[PDB]
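Notes to accompany the following structure.
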Amino acid sequence: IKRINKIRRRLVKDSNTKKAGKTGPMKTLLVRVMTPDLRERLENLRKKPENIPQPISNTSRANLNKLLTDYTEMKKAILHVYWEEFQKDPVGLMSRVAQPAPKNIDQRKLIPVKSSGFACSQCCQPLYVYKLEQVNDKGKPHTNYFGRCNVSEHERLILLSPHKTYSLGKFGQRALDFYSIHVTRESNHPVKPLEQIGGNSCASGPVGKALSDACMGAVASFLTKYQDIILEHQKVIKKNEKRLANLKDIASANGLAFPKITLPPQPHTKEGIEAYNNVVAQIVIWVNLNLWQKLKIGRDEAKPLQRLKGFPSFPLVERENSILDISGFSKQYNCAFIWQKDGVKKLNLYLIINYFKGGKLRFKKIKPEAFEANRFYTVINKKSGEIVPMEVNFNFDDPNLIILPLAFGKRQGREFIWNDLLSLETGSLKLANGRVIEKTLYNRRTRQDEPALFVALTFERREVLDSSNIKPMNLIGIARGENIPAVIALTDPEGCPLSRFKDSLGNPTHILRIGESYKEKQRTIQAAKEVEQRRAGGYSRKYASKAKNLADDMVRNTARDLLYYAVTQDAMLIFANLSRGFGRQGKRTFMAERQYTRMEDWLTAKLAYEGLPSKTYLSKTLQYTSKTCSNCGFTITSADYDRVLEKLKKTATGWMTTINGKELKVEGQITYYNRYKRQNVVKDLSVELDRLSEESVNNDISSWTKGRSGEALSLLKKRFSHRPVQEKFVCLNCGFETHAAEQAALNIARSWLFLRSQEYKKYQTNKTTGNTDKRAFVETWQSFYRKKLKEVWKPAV
DNA sequence: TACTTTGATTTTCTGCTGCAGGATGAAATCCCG
DNA sequence: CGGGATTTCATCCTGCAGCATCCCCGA
RNA sequence: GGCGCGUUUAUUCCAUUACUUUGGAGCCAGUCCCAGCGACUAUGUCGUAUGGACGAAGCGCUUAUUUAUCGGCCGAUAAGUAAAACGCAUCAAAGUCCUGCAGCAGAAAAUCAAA
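For the first sequence, the numbering used here begins at -6 and goes up steadily by one.
Below, the structure is given as structure tokens:
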């Protein structure tokens, strides 16, 4: 039976546990606040429940609304002030937000600059550069660059990033002292958020400490993006000037009137970017009108300019959810998660937020087993690792409190609240922080979008598994296709197939197919879509997201099934070394057909939450795996058409060509998607070649300049090459016949085994002297695979 | 002097994904009763 | 003499190799 | 296209806690109440859906309440019929969030050029 939780239980039961590092895996719970609509929904069931919870009181709702409005206004005001400050002088803010080194890097500085990279704007003094060289754990030498000022107050070690001329490299949200400037009343800054916006009603500590992060994170992100994008602008300008010089020279060579417009110097604001893009667009329009259109010049010989893209805008000011933030869960920030003991295995959950002046949420430590009825309890986590159970007492009718009852399901509760293993009572799970989200949700009863209150609570796992004993031996190759989502094959370390799966007939085998019946489903959906489109020119809202939802369902289920098979079979998964975002980008393609990276990421995240690295069960490997027969190892190539076009000599019966000593009969018909006609036109290959040969003598290939060679190659690129049937596969050596997907799945695992063989090592050693080639790789492939077929990989007869 | 595709400027709308900042308590001083 | 409420502060390492794996077409 | 019931995703144990989705199953998709096309003399349709306006949306079983029907409610079945409770249709999976930026697309509209 296939459940992810059963797999997780199997993993936990099969391995030991250890304490997590400095920061462990983190997971988030998103639930909803018990509102009156949920109360009515619970009251309208056929079988009414015995005890319906009370909804959130009016006072809590009013206080929450007031707090949300004030928080949003404060964030806007601070962001506006820092936007103005950045506009006045970018360099000052850039140096101020720079994240200093930890106050423990006290290794003896050895070498200064061989100096004016930046400057400490606090004292307006140059920030002299100092060097520090060290060697990492793997032996690669690394040089650390630091900036130090002569001022005792500014005796810091700001990080610097060398460039081939220096950059900062880091922008932290705590580098700038936000609290002492805008929060405390001792400062004389003209802009004070809490004193002016909140009307002296909000507690300084928690609200200020929340605003600090809420603003500095955005400012740091914006500054990092700005700093990164400036260098790419320099590179683009450098690569663009030469190209425009070449284009101007070409235009002068044709004797046309080139416009007298010159590039502006590199800008640093959005208006300069706009002007530069306008000039580039004008130049490209002129080039299009004069060179490619009238004279028909190719793109490579006359290539356009490139626009300036990626310049960021200041957060939230250079122009909806309302967010109330909680910095942390400790007695200092005036927030708590309270649960009522009734029995040694039951809880009753609430969450209290006291952000107002004139509230009472006093704690007091209790004995480990001093629990009493009608009294609330909670736990507090320390840096030292100790857990102190403390009880919370307060007044339910407090006019300054915020009381939130939560609503969730059994799955979420078993995952976080009352989990069997990760029980937060003993400290195995720690509550990190939380948020309050106010967003619009669809109400089906009223058929309107209405505001709803959500609660997000992030939990950090403190005990993880030990990967020192997870050593899979067997292998599983996954071959993906469009007709079938996935076909897999199970092999032992030696590579021999393992007959442990069961087919429909129950016979032993080593092949399974996952997610079948898909193709007819999306084809029915597309048939309905096309019928509606032909009927009325458009489809209803139903067919907007059916394919996407079904594809997401299928990829999730396939990932779950392969995870189950790998875990229960003691095998390590192998995927194809496809670059991220790989897929077919054509005419009738859909974005719902790209589930390679999505699957890898889902599997990686699921393995990561348990504390194991991806290399324990998940891997990648290599190119030329689907085009290889399992009898001798012959492989066809797209570049192998050069062999076809090498002779192309003519006989009395027509054209003839040979590849690898095998005669090829030149005949066949070609049907291609003619975009000029938006239809399919069928042409005869021999007839096309004869029409080409009408204007040629002796039909010699070497007499071809550029064009007729390309047209003949495009004609010949179908012929008799590798594919009588798309799904069926036949081997050229002895006529071996087998399904293509199964062979591809087996060959992917065998390729992964190959990339760690000794032939590959000697290949790389020859690469050390320099042997970058293409034919040698395929030759080693064929030789190794033939040897392995000879020794251990007995073929099926 | 019939009536397709391509390359291109701008205008709007619907979506969908990548990538930075993240996931804070310990302790030292005022104010006060 | 506690008991809150407000202010300062400081916490982090170095990933290998294929010509294309659905991207090459005639005009 | 819409309208509602909801079960399973922990092994003897841990909230039919109730949230957000996916898949399956269940029911209604009609009314002439109007304006279209065949061709039109071009603010006026004989047959025909190109659009508009209203309405629609489980079945059983156990418990009083208006009549028929004869023995003078002791006779049950038909509707209106309160609430409790059960059964069937009807069954299985998943969830890591916030902020700010940009980048990818898809579809329409105003202008230059071509065999």
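C-beta atoms are modelled at their ideal positions from N, C-alpha and C, and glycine is treated no differently.
Own chain partners of residue i with C-beta closer than 8 Å, once the 5 adjacent residues on each side are dropped
i       : result
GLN662  : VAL675, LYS676, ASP677 and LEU678
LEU739  : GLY470, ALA482, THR484, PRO490 and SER623
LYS(-5) : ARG553, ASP554 and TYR557
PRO18   : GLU453, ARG454, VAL457, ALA601, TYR602, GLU603 and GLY604
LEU288  : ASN247
Rounded separation between residue i and residue j - CA only
i      : j       : result
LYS358 : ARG437  : 47 Å
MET547 : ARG587  : 12 Å
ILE104 : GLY474  : 58 Å
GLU126 : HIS135  : 6 Å
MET209 : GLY165  : 8 Å
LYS767 : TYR756  : 11 Å
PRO717 : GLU656  : 17 Å
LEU505 : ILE(-3) : 19 Å
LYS699 : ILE477  : 41 Å
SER53  : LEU60   : 10 Å
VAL184 : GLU77   : 12 Å
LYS102 : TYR123  : 8 Å
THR644 : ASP635  : 20 Å
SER612 : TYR589  : 13 Å
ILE316 : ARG355  : 26 Å
Neighbour-count burial assignment, residue i, 16 or more Cβ in a 10 Å radius
i      : result
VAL637 : buried
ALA569 : buried
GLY191 : buried
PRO606 : exposed
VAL128 : exposed
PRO199 : buried
Reduced DSSP category for residue i - H, G, I as helix; E, B as strand; rest coil
i      : result
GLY647 : strand
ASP390 : coil
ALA472 : strand
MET87  : helix
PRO134 : strand
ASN436 : strand
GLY201 : helix
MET466 : coil
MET19  : strand
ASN51  : helix
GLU752 : helix
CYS113 : strand
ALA632 : coil
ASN667 : strand
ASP170 : coil
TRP697 : coil
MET27  : coil
Selected residue, minimal CA-CA separation from residue i, among the options
i           : options                            : result
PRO155      : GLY110, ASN193, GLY132 and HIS175  : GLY110
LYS353      : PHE389, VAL448 and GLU456          : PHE389
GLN751      : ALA769, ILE319, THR773 and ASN(-2) : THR773
residue 794 : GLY336, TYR348, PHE307 and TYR634  : Lying before the first or after the last residue shown, residue 794 is absent from the chain, which here runs from -6 to 790.
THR621      : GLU687, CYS724 and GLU660          : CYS724
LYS163      : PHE215, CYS116 and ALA203          : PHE215
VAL26       : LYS12, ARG527, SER50 and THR765    : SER50
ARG407      : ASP391, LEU340 and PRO465          : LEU340
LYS658      : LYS711, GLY626, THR609 and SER245  : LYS711
Chain-order list of residues whose beta-carbon lies under 6 Å from that of residue i (same chain, five-residue window excluded)
i      : result
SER623 : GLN736
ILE331 : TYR343, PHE369, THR371 and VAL385
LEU284 : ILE290 and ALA295
Close-in-space but distant-in-sequence residues of the same chain around residue i (CB under 7 Å, 5 per side omitted)
i      : result
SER492 : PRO501, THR502 and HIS503
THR731 : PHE722
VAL176 : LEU187, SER197 and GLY201
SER714 : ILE629
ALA734 : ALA472, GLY474, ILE477 and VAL480
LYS12  : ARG455 and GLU456
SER323 : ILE373
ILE174 : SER180 and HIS182
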